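Protein chains in written order, with UniProt numbering: chain A, 24 to 121; chain B, 24 to 121; chain C, 24 to 121; chain D, 24 to 121; chain E, 24 to 121. Below: the structure, in structure tokens.
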């Protein structure tokens, strides 16, 4: 389950906590309309991973992609802090769990 | 099978979807006529991976190479959205499947 | 157990030595108040990973993250040199143990 | 076996094709006279991996290193297209085979 | 053992050849007095990994880190060519063995 730290951090924002997601697809797309990085869960939930050109968010977003692709490759769960009502929702924080 | 999101995204473009591809070779080549990154499937299909110098497609294209390489290393399938306008066809989107 | 080398170095600073930590969560966050990379241990300690934009510490901090994330993926223990001056405590050196 | 694509591409050059090579050493060296990345095979052949500062061969040469290390780490074979104009011969293209 | 090539490149003794090393600790440290990347062997030896800001040695020193990291994670042996001019000795070349 999300650490208490990760829960509390997400609770102080308007984004929503999503716990124990199994991500099963990892997507890179450069098509004009859908240019971005996305993940899909075992039940078809789709999320876009945040991106940032500059330091220091270019580091946190690169680490978001690493977390996302390790979850897909290794079958580990993630907890997410992201939009609740859209599709795709965007990820603003992500927790990889062992 | 490709996620619904990935198929919808490819359907908005001039490219074609290829599903459940087993990639068995990953190539890097700096020869004058043959400069690029490529993948080869179990069936003999050949695709060129897109590249991009600048933000933000420098991000997506780096992840396309990670996805390609992981598919070869781990034996995971990929779904591609690939343009027939060149030869090898150029990957415009790729989905790694757990 | 921490190397003597690693202990002695941390003893040159105001930080404390934390040994044999099992990290089980790896977090990337870009929300405004909690922008950063973090780890959580099996007993619920939380640390922030240092960051740096420029050479040479851009290298050292990129490896701290690699270390932290391999620890979470693979269950290896880490030793930390972590300052207790802030919450969460900031990692200033880390040692991955095979 | 090398893909027909990889083989045709190498045949367009003055370089030589070397197929099914087992790499057993991956070397980084910054000594004055041998400054470079090299690989050694099971039969004692040695090759120097290409490098490039500028886009887009900075991408291709990075992926060549990733391929050579993965080969060493995971015992996968490679096919190389290597120029005998210097010694160690230089890798102008490399194909990782699953 | 070390490849003949790696041996011959270290030789001349201005530097020290260390063969068959098992690395069991990998260290990142940003404290100013001891800022660097280091490794610790099973016998308790400690080395500093070289660093470099500019091309092309920024590539080799990045690969030295990867090799050091892989040795610790995976238990692979390395051979080193290190300078006895300082303590810890500085790795000027490293060979990862399959």
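Backbone N, C-alpha and C fix where the C-beta goes; we use that ideal spot for every residue, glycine too.
Residue i: contacting residues in chain A (beta-carbon distance under 7 Å)
i, result
"residue 89(B)", "92"
"residue 100(C)", "Residues of chain A passing the Cβ test: none, with the nearest at roughly 12 Å."
Nearest neighbour of residue i, chosen from the options [CA to CA]
i, options, result
"residue 39(C)", "113(C), 58(C), 48(C) and 120(C)", "113(C)"
"residue 53(B)", "46(D), 45(D), 62(D) and 76(D)", "76(D)"
"residue 58(E)", "99(C), 82(C), 56(C) and 110(C)", "82(C)"
"residue 56(B)", "99(D), 32(D), 45(D) and 55(D)", "32(D)"
"residue 36(E)", "98(E), 97(E), 118(E) and 105(E)", "105(E)"
"residue 45(E)", "97(E), 115(E) and 116(E)", "97(E)"
"residue 80(D)", "24(D), 34(D) and 116(D)", "116(D)"
Buried versus exposed call for residue i [16 or more other C-beta atoms within 10 Å across all chains shown]
i, result
"residue 26(E)", "buried"
"residue 84(B)", "buried"
Beta-carbon proximity of residue i to residue j, cut-off 9 Å
i, j, result
"residue 47(E)", "residue 101(E)", "no"
"residue 92(A)", "residue 73(A)", "no"
"residue 103(E)", "residue 41(E)", "yes"
"residue 90(C)", "residue 65(E)", "no"
"residue 70(A)", "residue 111(A)", "yes"
"residue 120(B)", "residue 67(B)", "no"
"residue 28(B)", "residue 49(A)", "no"
Contacts of residue i in chain B (Cβ-Cβ under 9 Å)
i, result
"residue 58(D)", "The premise fails here: residue 58(D) is roughly 19 Å from chain B at the closest Cβ pair, so nothing lies under 9 Å."
Closer than 8 Å at the beta carbon, the chain B residues around residue i
i, result
"residue 96(A)", "93, 97, 99, 119 and 121"
"residue 116(D)", "50, 51, 52, 53, 54 and 57"
Contacts that residue i makes with chain E (C-beta to C-beta distance below 7 Å)
i, result
"residue 63(D)", "26 and 28"
Residues that residue i contacts on chain E, provided the C-beta gap is smaller than 8 Å
i, result
"residue 69(D)", "26 and 28"
Proximity test, residue i beta-carbon vs the ligand FAD heavy atom, cut-off 8 Å
i, result
"residue 25(D)", "The ligand FAD is not part of the structure shown, which contains no ligands of any sort."
Cβ-based contacts, 7 Å cut-off: residues of the region 24 to 56 of chain A near chain B: Correct list: 47, 48, 49, 50, 51, 52, 53, 54 and 56.
Residues of the region 73 to 87 of chain A whose Cβ lies closer than 8 Å to any Cβ of chain C, in chain order: Taking 8 Å as the Cβ-Cβ cut-off against chain C, the residues of the region 73 to 87 of chain A that qualify are 73, 75, 78, 79, 80, 82, 83, 84, 86 and 87.
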